[PDB]
Amino acid sequence: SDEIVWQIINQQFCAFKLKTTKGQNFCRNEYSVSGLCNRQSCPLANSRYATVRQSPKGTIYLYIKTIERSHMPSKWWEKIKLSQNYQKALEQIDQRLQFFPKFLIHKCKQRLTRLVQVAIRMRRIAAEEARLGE
Amino acid sequence: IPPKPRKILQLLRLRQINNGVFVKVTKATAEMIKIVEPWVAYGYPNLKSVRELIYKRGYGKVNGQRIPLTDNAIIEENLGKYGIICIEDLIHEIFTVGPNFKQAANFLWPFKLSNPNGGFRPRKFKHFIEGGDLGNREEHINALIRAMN
Amino acid sequence: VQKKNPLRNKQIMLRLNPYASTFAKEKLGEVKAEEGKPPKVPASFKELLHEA
Amino acid sequence: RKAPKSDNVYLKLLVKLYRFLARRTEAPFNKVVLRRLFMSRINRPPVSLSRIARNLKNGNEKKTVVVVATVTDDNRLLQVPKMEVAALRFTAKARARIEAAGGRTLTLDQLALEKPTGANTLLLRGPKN
RNA sequence: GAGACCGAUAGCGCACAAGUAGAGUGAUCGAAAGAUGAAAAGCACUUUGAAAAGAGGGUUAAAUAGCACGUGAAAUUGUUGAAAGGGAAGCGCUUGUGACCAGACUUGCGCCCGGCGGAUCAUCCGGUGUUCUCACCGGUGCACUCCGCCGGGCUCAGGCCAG
RNA sequence: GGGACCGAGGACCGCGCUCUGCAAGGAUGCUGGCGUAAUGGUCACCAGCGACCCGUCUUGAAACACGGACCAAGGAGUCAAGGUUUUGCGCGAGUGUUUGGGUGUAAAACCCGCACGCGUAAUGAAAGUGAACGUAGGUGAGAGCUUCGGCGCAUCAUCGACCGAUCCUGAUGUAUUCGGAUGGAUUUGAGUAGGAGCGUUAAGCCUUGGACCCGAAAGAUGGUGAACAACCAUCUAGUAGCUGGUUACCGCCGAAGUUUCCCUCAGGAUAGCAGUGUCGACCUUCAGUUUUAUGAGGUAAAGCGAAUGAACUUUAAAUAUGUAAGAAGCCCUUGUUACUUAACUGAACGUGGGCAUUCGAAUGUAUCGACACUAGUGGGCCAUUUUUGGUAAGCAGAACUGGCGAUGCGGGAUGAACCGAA
RNA sequence: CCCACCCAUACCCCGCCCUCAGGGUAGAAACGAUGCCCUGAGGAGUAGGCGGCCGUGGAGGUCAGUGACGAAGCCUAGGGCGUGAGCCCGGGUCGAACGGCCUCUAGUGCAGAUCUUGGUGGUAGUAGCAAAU
Ligand SMILES: [Zn+2]
């Protein structure tokens with residue numbers, strides 16, 4: 001019923017949708033690789049899904065959804081710790097997301113890349129703000 | 001325009017100002033063009049007129065679309081069942097009027113020419129024999145082709 | 001994506017007509033007339049020419 | 001066409017399937033079935049059990065009867081022969097009377113798995129007006 | 001007792017002095033009009049002068065909320081400022097002059113060396129939850145690996161407009 | 001060689017070429033400038049060129065005519081019942097719970113016992129009768145399938161079959177005056193020939209209600225005053241014509257101003273123009289066109305050392321204008337008929353052939369045809385040519401075409417009718 | 001009679017908008033198959049037909065929406081978006097509630113009606129001191 005869910009999600013109502021006037025729609029669901037609402041990146045309408053998230057302690061994880069733990073919403077996600085070395089984390093995506101749709105592999109690598117880049121940017125801002133004292 | 005020149009100007013694919021078509025001379029075609037002499041100018045083109053019309057303003061009819069003859073390949077996929085597989089074949093068929101002129105001329109989209117460089121004669125809408133531009137000018141169509149194309 | 005004039009760029013000319021190379025190489029546009037002393041116009045053609 | 005007139009989400013599911021099959025298969029069966037899916041409900045008249053029996057009573061037995069319409073029961077058809085019918089919908093009386101005769105009931109998506117090119121199928125439609 | 005009703009030019013004519021004010025000989029006809037503030041704390045007192053008015057001064061979170069009272073549009077009007085105006089103005093395209101106003105790429109990553117601290121590093125130990133193999137704690141240390149941090153050196157990367 | 005405008009696209013693929021890569025399916029390389037301002041906005045004004053005040057109404061059109069002192073708020077196709085078309089949905093020879101009952105977390109939701117509405121067999125004025133002789137039939141098309149041999153949906157054409165009714169023929173027989181069997185008809189059915197309906201949702205149209213909003217004189221009922229009959233309230237938001245007005249944007253398709261019929265004038269019904277849906281052909285077929293043949297002009301002309309004499313012709317214009325140019329076609333052979341003829345002499349039904357890889361001119365072809373359903377239209381003014389009549393001269397009437405009408409732009413200094421060009 | 005020159009929204013080339021027509025797209029796509037990609041043609045428009053979209057009052061669900069550290073409203077010689085109806089932000093004022101999405105609903109959009117109610121002009125400090133006050 002994966003397609004029947006998508007038709008209800010796309011064309012009737014979805015609580016995570018944010019409709020903007022700028023020619024693009026956004027998904028507010030926290031387990032989505034891209035913020036956009038499309039068929040590839042809707043985690044509700046894809047029984048098999050992957051997502052890269054960052055913890056408050058600074059750890060980056062990879063989340064896995066399978067069709068088997070679908071009726072159990074508390075056990076939707078397998079949480080796998082990603083390496084701090086950027087190359088081993090990219091490889092860890094490739095082994096774990098093996099035989100997935102290539103959209104999920106390509107966007108999880110992008111989501112891993114932006115999360116590491118923001119973390120480096122976060123440390124450069126905090127160092128400059130401490131020096132500036134404003 | 002009277003109703004009968006309007007029908008002839010549609011059968012000759014002359015649906016716009018500065019539209020050009022290659023016709024073969026019969027008694028059927030000569031009488032049609034003589035009626036629409038108050039709107040058209042025509043003559044006998046040379047090789048250079050035919051060659052530069054196809055190379056520069058040559059376009060085809062592939063499934064009802066106007067696609068330019070940029071490659072020899074699109075000639076063969078639409079006219080290769082008649083033995084016309086190159087762009088020199090289309091030149092040869094149009095100029096020396098051959099057995100497949102019916103199919104080559106209609107494959108050719110009507111030539112959207114520009115206004116002539118240097119202009120027309122001062123009194124444009126008179127006969128060429130009377131000092132103007134309308135009618136039959138025979139080999140003098142080449143000077144008009146060079147100015148428009 | 002862009003219509004190209006064979007009369008302006010000769011690469012598209014060589015794409016369409018491969019004979020364009022040998023036409024320029026052997027100067028076929030500058031072929032001379034066949035040899036032979038041209039015989040004079042007949043005198044009968046001249047008196048016709050300026051009859052009246 | 002461009003969009004089915006129906007608001008049924010599963011009829012849009014079948015149009016999606018038969019759009020793919022009409023594009024990627026030379027069989028004109030798929031193109032005909034896709035055209036009749038886009039047609040309205042009046043333009044798909046119901047087909048009775050009696051009408052699918054007469055088009056079976058010739059040497060066309062052992063063929064999968066395909067009717068892209070609903071299948072209705074005829075009370076005047078006393079005995080139903082063994083028959084495999086694929087349709088959009090079946091009434092309760094029709095579904096019971098095919099199953100009582102030993103026949104089988106298919107849907108159009110079960111038809112697409114079994115006979116994607118429409119091999120050995122008897123295509124039927126009901127009376128107009 | 002209620003409402004997928006109306007919200008002060010609406011909703012009963014009447015949210016309030018409403019069949020009131022008022023008109024007509026009479027039968028009858030019949031309006032307009034809600035909102036200070038949380039609390040009157042509704043401006044004591046000084047000082048012009050004849051007033052439904054000011055200047056000080058005070059109350060209040062606020063008086064440009066002062067019983068002309070929440071918010072306070074437009075038409076219309078005064079003052080100040082700028083520009084223009086030889087028998088119409090207004091308007092379209094395109095400059096130019098002056099006045100006022102805004103502010104263009106968020107403006108960065110990667111290498112190398114040395115030190116320091118951490119770990120997802122040790123076939124290190126104990127514990128917890130779990131989808132039962134994945135996570136999270138605590139204590140060990142730095143042989144290796146990887147992150148940061150500090151001090152140097154180096155690299156390329158970039159937004160707009162020109163020639 | 002000199003100059004201008006432009007740089008669309010974004011891994012590779014293709015065609016090539018002068019092949020250690022190129023100018024070959026669309027601009028790169030190098031250098032500089034830019035933050036107390038690069039670059040913009042708004043206002044006021046100057047300058048060049050442009051440019052009638054909106055709406056309504058009449059008309060072929062302008063011109064009149066009606067409305068507009070200004071601003072804010074209000075303000076005009078609505079709701080019921082009954083029909084009808086189409087889209088979606090549920091069930092389907094059935095469908096519809098909601099009169100009512102049971103029930104409840106209480107006007108909600110949930111459940112249904114009996115009837116009832118519409119449909120599920122028709123016809124005839126009626127008595128009444130009542131759907132199979134052929135795989136519910138044959139033949140030919142026809143979507144689709146195919147073991148490539150053939151099966152053949154829906155639908156149509158034809159030949160049949162049956163039934164209701166009408167006009168006949170008149171069986172065993174029968175109460176001695178009752179019956180319709182069999183065999184026919186250039187018959188009729190809103191018939192059968194194997195059901196499609198019921199409920200609901202959305203949009204549109206029709207009818208009636210105040211009926212898109214505003215707008216008479218009248219009439220009537222019941223009162224109040226008293227006089228040149230008047231006033232008041234209600235019926236009453238009365239009605240008839242006739243005015244005025246009738247509320248955001250963008251995109252797509254887009255007219256007609258006409259033929260015919262009927263009858264009140266005040267109008268409808270067809271056909272045409274615009275559109276929607278279904279079915280069928282393959283883009284088949286068609287076309288304000290040319291050519292060929294042949295009419296209507298032998299119209300002009302050449303000759304009469306051809307004949308005869310526009311009315312002469314060997315020949316033959318130009319120029320418009322009717323009709324044909326295959327497979328849905330041709331010819332004849334052979335049979336019948338209800339038609340016709342002395343007669344397959346004609347018409348129709350069947351038979352045969354050839355050519356399907358020049359199937360019988362040219363050019364074009366942004367598909368065509370049938371059926372059903374739905375809006376707005378049904379005025380004219382001017383000019384060219386031809387032509388009928390008339391005047392001192394104007395002028396009046398037909399036919400074709402063209403322009404304007406629903407049309408902006410360049411020009412003719414200016415402009416409904418001119419020229420160019422949409 | 002000849003040579004050259006001037007310019008229309010016309011003709012030619014290029015870019016961009018939309019519409020139409022054709023094509024491609026699944027052991028799925030690196031973009032809601034109601035999506036994406038490629039190609040060609042076209043663009044005036046009254047009566048009329050069809051579609052999409054913007055705005056308004058209220059109703060169900062949603063945004064774990066905004067809000068006295070300031071909602072709504074209004075003003076504004078400011079920054080932006082959309083072809084457009086419109087929409088978002090800044091500055092001021094202001095004080096208690098309001099907004100987006102998807103559906104439902106209607107007493108839902110004004111320049112006219114010698115429109116209704118209210119307010120306010122020029123006429124005009126004019127006519128003239130009549131009536132009313
Ligand atoms: Zn989503």
# chains A, B, ... in the order shown; residues from 1 in each chain; ligands from 1
>>> interface_residues(of="chain F", to="chain C", cutoff="7 Å", atoms="only C-alpha atoms (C1' of nucleotides)", output="VMD selection string")
chain F and resid 15 to 17 24 to 26
>>> residues_near_ligand(ligand="ligand 1", cutoff="10 Å", atoms="only C-alpha atoms (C1' of nucleotides) and all ligand atoms", output="PDB file with N, CA and C atoms (P, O5', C5', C4', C3', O3' and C1' of nucleotides), in the first residue's frame")
ATOM      1  N   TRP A   6       1.081   7.250  -0.603  1.00  0.00           N
ATOM      2  CA  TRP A   6       1.640   8.426  -1.267  1.00  0.00           C
ATOM      3  C   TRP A   6       0.561   9.284  -1.909  1.00  0.00           C
ATOM      4  N   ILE A   9      -0.988  11.165   0.793  1.00  0.00           N
ATOM      5  CA  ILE A   9      -0.042  12.144   1.322  1.00  0.00           C
ATOM      6  C   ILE A   9       0.109  13.317   0.363  1.00  0.00           C
ATOM      7  N   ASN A  10       0.245  13.025  -0.931  1.00  0.00           N
ATOM      8  CA  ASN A  10       0.528  14.077  -1.899  1.00  0.00           C
ATOM      9  C   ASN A  10      -0.692  14.943  -2.176  1.00  0.00           C
ATOM     10  N   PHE A  13      -3.744  15.464   2.194  1.00  0.00           N
ATOM     11  CA  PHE A  13      -3.261  16.163   3.379  1.00  0.00           C
ATOM     12  C   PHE A  13      -2.028  15.446   3.905  1.00  0.00           C
ATOM     13  N   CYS A  14      -1.056  16.225   4.367  1.00  0.00           N
ATOM     14  CA  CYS A  14       0.095  15.701   5.087  1.00  0.00           C
ATOM     15  C   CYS A  14       0.466  16.723   6.145  1.00  0.00           C
ATOM     16  N   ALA A  15       0.589  16.276   7.393  1.00  0.00           N
ATOM     17  CA  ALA A  15       0.854  17.194   8.493  1.00  0.00           C
ATOM     18  C   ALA A  15       2.263  17.767   8.465  1.00  0.00           C
ATOM     19  N   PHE A  16       3.153  17.221   7.644  1.00  0.00           N
ATOM     20  CA  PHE A  16       4.518  17.709   7.547  1.00  0.00           C
ATOM     21  C   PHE A  16       4.732  18.660   6.378  1.00  0.00           C
ATOM     22  N   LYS A  17       3.735  18.852   5.521  1.00  0.00           N
ATOM     23  CA  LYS A  17       3.899  19.719   4.364  1.00  0.00           C
ATOM     24  C   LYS A  17       3.952  21.185   4.767  1.00  0.00           C
ATOM     25  N   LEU A  18       4.808  21.934   4.089  1.00  0.00           N
ATOM     26  CA  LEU A  18       4.819  23.388   4.149  1.00  0.00           C
ATOM     27  C   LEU A  18       4.792  23.894   2.716  1.00  0.00           C
ATOM     28  N   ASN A  25       7.747  22.780  -2.472  1.00  0.00           N
ATOM     29  CA  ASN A  25       7.074  22.358  -1.255  1.00  0.00           C
ATOM     30  C   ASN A  25       8.083  21.710  -0.322  1.00  0.00           C
ATOM     31  N   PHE A  26       7.888  21.900   0.978  1.00  0.00           N
ATOM     32  CA  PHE A  26       8.846  21.455   1.975  1.00  0.00           C
ATOM     33  C   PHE A  26       8.208  20.463   2.937  1.00  0.00           C
ATOM     34  N   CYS A  27       8.982  19.456   3.334  1.00  0.00           N
ATOM     35  CA  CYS A  27       8.568  18.476   4.329  1.00  0.00           C
ATOM     36  C   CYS A  27       9.201  18.828   5.663  1.00  0.00           C
ATOM     37  N   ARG A  28       8.375  18.930   6.697  1.00  0.00           N
ATOM     38  CA  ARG A  28       8.836  19.298   8.025  1.00  0.00           C
ATOM     39  C   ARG A  28       9.240  18.074   8.844  1.00  0.00           C
ATOM     40  N   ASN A  29       9.052  16.874   8.301  1.00  0.00           N
ATOM     41  CA  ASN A  29       9.366  15.654   9.033  1.00  0.00           C
ATOM     42  C   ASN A  29      10.867  15.536   9.252  1.00  0.00           C
ATOM     43  N   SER A  32      13.728  13.118   7.117  1.00  0.00           N
ATOM     44  CA  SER A  32      13.775  13.275   5.672  1.00  0.00           C
ATOM     45  C   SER A  32      15.144  13.800   5.261  1.00  0.00           C
ATOM     46  N   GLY A  35      14.771  18.550   2.615  1.00  0.00           N
ATOM     47  CA  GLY A  35      13.606  19.172   3.192  1.00  0.00           C
ATOM     48  C   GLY A  35      12.397  19.193   2.287  1.00  0.00           C
ATOM     49  N   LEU A  36      12.549  18.803   1.028  1.00  0.00           N
ATOM     50  CA  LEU A  36      11.519  18.922   0.012  1.00  0.00           C
ATOM     51  C   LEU A  36      10.571  17.735   0.067  1.00  0.00           C
ATOM     52  N   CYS A  37       9.302  17.993  -0.243  1.00  0.00           N
ATOM     53  CA  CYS A  37       8.286  16.947  -0.328  1.00  0.00           C
ATOM     54  C   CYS A  37       8.210  16.484  -1.776  1.00  0.00           C
ATOM     55  N   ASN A  38       8.784  15.317  -2.048  1.00  0.00           N
ATOM     56  CA  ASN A  38       8.610  14.643  -3.322  1.00  0.00           C
ATOM     57  C   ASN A  38       8.472  13.154  -3.045  1.00  0.00           C
ATOM     58  N   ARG A  39       8.293  12.378  -4.114  1.00  0.00           N
ATOM     59  CA  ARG A  39       8.063  10.946  -3.962  1.00  0.00           C
ATOM     60  C   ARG A  39       9.311  10.232  -3.462  1.00  0.00           C
ATOM     61  N   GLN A  40      10.486  10.668  -3.918  1.00  0.00           N
ATOM     62  CA  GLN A  40      11.731  10.028  -3.517  1.00  0.00           C
ATOM     63  C   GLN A  40      12.053  10.239  -2.046  1.00  0.00           C
ATOM     64  N   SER A  41      11.734  11.407  -1.494  1.00  0.00           N
ATOM     65  CA  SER A  41      12.230  11.776  -0.176  1.00  0.00           C
ATOM     66  C   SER A  41      11.159  11.798   0.905  1.00  0.00           C
ATOM     67  N   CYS A  42       9.943  11.331   0.623  1.00  0.00           N
ATOM     68  CA  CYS A  42       8.930  11.245   1.663  1.00  0.00           C
ATOM     69  C   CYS A  42       9.171   9.965   2.450  1.00  0.00           C
ATOM     70  N   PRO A  43       9.517  10.044   3.737  1.00  0.00           N
ATOM     71  CA  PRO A  43       9.793   8.811   4.487  1.00  0.00           C
ATOM     72  C   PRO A  43       8.546   8.017   4.805  1.00  0.00           C
ATOM     73  N   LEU A  44       7.386   8.666   4.845  1.00  0.00           N
ATOM     74  CA  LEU A  44       6.147   7.958   5.143  1.00  0.00           C
ATOM     75  C   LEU A  44       5.708   7.107   3.961  1.00  0.00           C
ATOM     76  N   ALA A  45       5.895   7.615   2.748  1.00  0.00           N
ATOM     77  CA  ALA A  45       5.483   6.934   1.532  1.00  0.00           C
ATOM     78  C   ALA A  45       6.573   6.051   0.947  1.00  0.00           C
ATOM     79  N   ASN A  46       7.704   5.906   1.629  1.00  0.00           N
ATOM     80  CA  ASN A  46       8.754   4.972   1.245  1.00  0.00           C
ATOM     81  C   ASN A  46       8.980   4.035   2.420  1.00  0.00           C
TER      82      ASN A  46
ATOM     83  P     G G  32       9.701  13.225  -7.956  1.00  0.00           P
ATOM     84  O5'   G G  32       8.360  13.820  -7.351  1.00  0.00           O
ATOM     85  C5'   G G  32       7.185  13.933  -8.141  1.00  0.00           C
ATOM     86  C4'   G G  32       5.957  13.860  -7.278  1.00  0.00           C
ATOM     87  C3'   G G  32       4.642  14.235  -7.958  1.00  0.00           C
ATOM     88  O3'   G G  32       3.598  13.411  -7.451  1.00  0.00           O
ATOM     89  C1'   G G  32       5.023  15.657  -6.104  1.00  0.00           C
TER      90        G G  32
END
>>> interface_residues(of="chain D", to="chain G", cutoff="12 Å", atoms="only C-alpha atoms (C1' of nucleotides)", output="MDAnalysis selection string")
chainID D and resid 2:4 12:13 15:17 19:21 23:24
>>> residues_around(residues="residue 15 (chain B)", least_positions_apart="3", cutoff="12 Å", atoms="only C-alpha atoms (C1' of nucleotides)", output="number ranges by chain")
B: 5-12, 18-21, 39-40, 109-112; F: 364
>>> closest_residue(among="E:135, E:29, E:74, E:160", to="residue 119 (chain G)", atoms="only C-alpha atoms (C1' of nucleotides)")
E:74
>>> residues_around(residues="residue 349 (chain F)", least_positions_apart="5", cutoff="12 Å", atoms="only C-alpha atoms (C1' of nucleotides)", output="ChimeraX atom specification")
/F:158-159,335-337
>>> write_last_selection(atoms="N, CA and C atoms (P, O5', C5', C4', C3', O3' and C1' of nucleotides)", output="PDB file, in the first residue's frame")
ATOM      1  P     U F 158     -31.107  -2.249 -44.018  1.00  0.00           P
ATOM      2  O5'   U F 158     -31.183  -3.649 -44.769  1.00  0.00           O
ATOM      3  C5'   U F 158     -30.832  -3.748 -46.138  1.00  0.00           C
ATOM      4  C4'   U F 158     -30.471  -5.160 -46.516  1.00  0.00           C
ATOM      5  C3'   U F 158     -31.514  -6.217 -46.206  1.00  0.00           C
ATOM      6  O3'   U F 158     -32.555  -6.266 -47.165  1.00  0.00           O
ATOM      7  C1'   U F 158     -29.391  -6.976 -45.507  1.00  0.00           C
ATOM      8  P     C F 159     -34.017  -6.772 -46.735  1.00  0.00           P
ATOM      9  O5'   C F 159     -33.866  -8.355 -46.662  1.00  0.00           O
ATOM     10  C5'   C F 159     -33.507  -9.106 -47.812  1.00  0.00           C
ATOM     11  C4'   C F 159     -33.105 -10.513 -47.452  1.00  0.00           C
ATOM     12  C3'   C F 159     -34.133 -11.321 -46.681  1.00  0.00           C
ATOM     13  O3'   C F 159     -35.158 -11.855 -47.501  1.00  0.00           O
ATOM     14  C1'   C F 159     -32.018 -11.574 -45.665  1.00  0.00           C
ATOM     15  P     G F 335     -30.212 -17.062 -69.564  1.00  0.00           P
ATOM     16  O5'   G F 335     -31.059 -17.696 -68.374  1.00  0.00           O
ATOM     17  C5'   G F 335     -31.937 -16.893 -67.603  1.00  0.00           C
ATOM     18  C4'   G F 335     -31.790 -17.173 -66.129  1.00  0.00           C
ATOM     19  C3'   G F 335     -32.713 -16.383 -65.216  1.00  0.00           C
ATOM     20  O3'   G F 335     -34.014 -16.937 -65.130  1.00  0.00           O
ATOM     21  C1'   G F 335     -30.512 -16.249 -64.390  1.00  0.00           C
ATOM     22  P     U F 336     -35.260 -16.183 -65.811  1.00  0.00           P
ATOM     23  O5'   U F 336     -36.010 -15.493 -64.586  1.00  0.00           O
ATOM     24  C5'   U F 336     -36.365 -16.241 -63.433  1.00  0.00           C
ATOM     25  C4'   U F 336     -36.456 -15.361 -62.211  1.00  0.00           C
ATOM     26  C3'   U F 336     -37.549 -14.304 -62.230  1.00  0.00           C
ATOM     27  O3'   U F 336     -38.827 -14.808 -61.884  1.00  0.00           O
ATOM     28  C1'   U F 336     -35.518 -13.319 -61.534  1.00  0.00           C
ATOM     29  P     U F 337     -40.151 -14.138 -62.503  1.00  0.00           P
ATOM     30  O5'   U F 337     -40.273 -12.739 -61.749  1.00  0.00           O
ATOM     31  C5'   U F 337     -40.526 -12.682 -60.352  1.00  0.00           C
ATOM     32  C4'   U F 337     -40.302 -11.295 -59.798  1.00  0.00           C
ATOM     33  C3'   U F 337     -41.150 -10.187 -60.401  1.00  0.00           C
ATOM     34  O3'   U F 337     -42.455 -10.141 -59.854  1.00  0.00           O
ATOM     35  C1'   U F 337     -38.896  -9.467 -60.213  1.00  0.00           C
TER      36        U F 337
END
>>> interface_residues(of="chain A", to="chain E", cutoff="12 Å", atoms="only C-alpha atoms (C1' of nucleotides)", output="PyMOL selection string")
chain A and resi 57-66+68-70+72-89+116-117+119-121+123-125+127
>>> select_by_dssp(residues="chain B", states="alpha helix (DSSP H)", output="MDAnalysis selection string")
chainID B and resid 3:11 27:35 47:57 73:79 87:95 101:107 141:148
>>> interface_residues(of="chain B", to="chain C", cutoff="9 Å", atoms="only C-alpha atoms", output="list in words")
residues 52, 55, 56, 57, 68, 69, 70, 71, 72, 86, 87 and 88 of chain B
>>> write_last_selection(atoms="C-alpha atoms", output="short mmCIF file (atom, residue, chain, number, x, y, z; two decimals), in the first residue's frame")
data_model
loop_
_atom_site.label_atom_id
_atom_site.label_comp_id
_atom_site.auth_asym_id
_atom_site.auth_seq_id
_atom_site.Cartn_x
_atom_site.Cartn_y
_atom_site.Cartn_z
CA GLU B 52 22.76 28.79 -50.95
CA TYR B 55 22.63 25.43 -47.12
CA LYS B 56 21.54 28.64 -45.42
CA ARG B 57 17.73 28.57 -45.23
CA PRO B 68 17.08 22.31 -40.19
CA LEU B 69 19.26 20.15 -42.42
CA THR B 70 22.30 20.29 -40.15
CA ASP B 71 23.31 16.67 -40.85
CA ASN B 72 23.18 14.38 -43.86
CA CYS B 86 22.93 13.39 -49.05
CA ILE B 87 22.48 17.14 -49.23
CA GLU B 88 24.10 17.17 -52.67
#
>>> atom_distance(atom1="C1' of residue 326 (chain F)", atom2="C1' of residue 360 (chain F)")
7.7 Å
>>> atom_distance(atom1="CA of residue 92 (chain B)", atom2="CA of residue 43 (chain B)")
18.5 Å
>>> closest_residue(among="G:124, G:108, G:51, G:43", to="residue 18 (chain G)", atoms="only C-alpha atoms (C1' of nucleotides)")
G:43
>>> closest_residue(among="B:97, B:103, B:51, B:58", to="chain F", atoms="only C-alpha atoms (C1' of nucleotides)")
B:103
>>> atom_distance(atom1="CA of residue 34 (chain B)", atom2="CA of residue 3 (chain B)")
15.1 Å
>>> interface_residues(of="chain G", to="chain A", cutoff="10 Å", atoms="only C-alpha atoms (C1' of nucleotides)", output="ChimeraX atom specification")
/G:28-32,34-35,61-63,81-82,87,100-103
>>> residues_around(residues="residue 235 (chain F)", least_positions_apart="2", cutoff="10 Å", atoms="only C-alpha atoms (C1' of nucleotides)", output="PDB file with N, CA and C atoms (P, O5', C5', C4', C3', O3' and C1' of nucleotides), in the first residue's frame")
ATOM      1  P     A F 220     -62.408  49.242  -6.450  1.00  0.00           P
ATOM      2  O5'   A F 220     -62.113  48.165  -5.319  1.00  0.00           O
ATOM      3  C5'   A F 220     -62.481  46.804  -5.485  1.00  0.00           C
ATOM      4  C4'   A F 220     -61.810  45.929  -4.458  1.00  0.00           C
ATOM      5  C3'   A F 220     -62.050  46.308  -3.008  1.00  0.00           C
ATOM      6  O3'   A F 220     -63.281  45.823  -2.514  1.00  0.00           O
ATOM      7  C1'   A F 220     -59.752  45.900  -3.347  1.00  0.00           C
ATOM      8  P     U F 221     -64.113  46.692  -1.459  1.00  0.00           P
ATOM      9  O5'   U F 221     -63.528  46.241  -0.054  1.00  0.00           O
ATOM     10  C5'   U F 221     -63.387  44.869   0.272  1.00  0.00           C
ATOM     11  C4'   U F 221     -62.570  44.696   1.523  1.00  0.00           C
ATOM     12  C3'   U F 221     -62.924  45.636   2.660  1.00  0.00           C
ATOM     13  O3'   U F 221     -64.018  45.167   3.423  1.00  0.00           O
ATOM     14  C1'   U F 221     -60.577  45.601   2.357  1.00  0.00           C
ATOM     15  P     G F 238     -45.077  45.116  -4.938  1.00  0.00           P
ATOM     16  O5'   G F 238     -45.762  43.996  -5.840  1.00  0.00           O
ATOM     17  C5'   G F 238     -46.492  42.918  -5.268  1.00  0.00           C
ATOM     18  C4'   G F 238     -47.670  42.534  -6.129  1.00  0.00           C
ATOM     19  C3'   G F 238     -47.401  42.498  -7.623  1.00  0.00           C
ATOM     20  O3'   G F 238     -46.819  41.276  -8.036  1.00  0.00           O
ATOM     21  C1'   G F 238     -49.395  43.701  -7.205  1.00  0.00           C
TER      22        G F 238
END
>>> select_by_dssp(residues="region 27-129 of chain A", states="strand (DSSP E or B)", output="PDB file with C-alpha atoms, in the first residue's frame")
ATOM      1  CA  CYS A  27       8.568  18.476   4.329  1.00  0.00           C
ATOM      2  CA  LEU A  36      11.519  18.922   0.012  1.00  0.00           C
ATOM      3  CA  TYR A  49      14.279   4.709   3.805  1.00  0.00           C
ATOM      4  CA  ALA A  50      17.527   6.172   5.099  1.00  0.00           C
ATOM      5  CA  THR A  51      18.321   9.422   6.915  1.00  0.00           C
ATOM      6  CA  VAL A  52      21.438  11.015   8.420  1.00  0.00           C
ATOM      7  CA  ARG A  53      20.928  12.923  11.676  1.00  0.00           C
ATOM      8  CA  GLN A  54      23.154  14.744  14.159  1.00  0.00           C
ATOM      9  CA  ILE A  60      26.250  11.763  13.396  1.00  0.00           C
ATOM     10  CA  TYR A  61      24.072   8.680  12.926  1.00  0.00           C
ATOM     11  CA  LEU A  62      22.521   6.847   9.989  1.00  0.00           C
ATOM     12  CA  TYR A  63      18.907   5.707  10.326  1.00  0.00           C
ATOM     13  CA  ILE A  64      17.383   2.731   8.497  1.00  0.00           C
ATOM     14  CA  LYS A  65      13.715   1.898   7.946  1.00  0.00           C
ATOM     15  CA  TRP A  77      14.704   3.095  12.838  1.00  0.00           C
ATOM     16  CA  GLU A  78      18.003   1.272  13.136  1.00  0.00           C
ATOM     17  CA  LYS A  79      20.559   3.766  14.454  1.00  0.00           C
ATOM     18  CA  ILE A  80      24.148   3.267  13.259  1.00  0.00           C
ATOM     19  CA  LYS A  81      27.023   5.479  14.375  1.00  0.00           C
TER      20      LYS A  81
END
>>> interface_residues(of="chain D", to="chain F", cutoff="9 Å", atoms="only C-alpha atoms (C1' of nucleotides)", output="VMD selection string")
chain D and resid 5 to 8 28 to 29 32 40 43 45 to 46 48 50 to 51 54 to 55 57 to 60 72 to 77 91 118 to 128
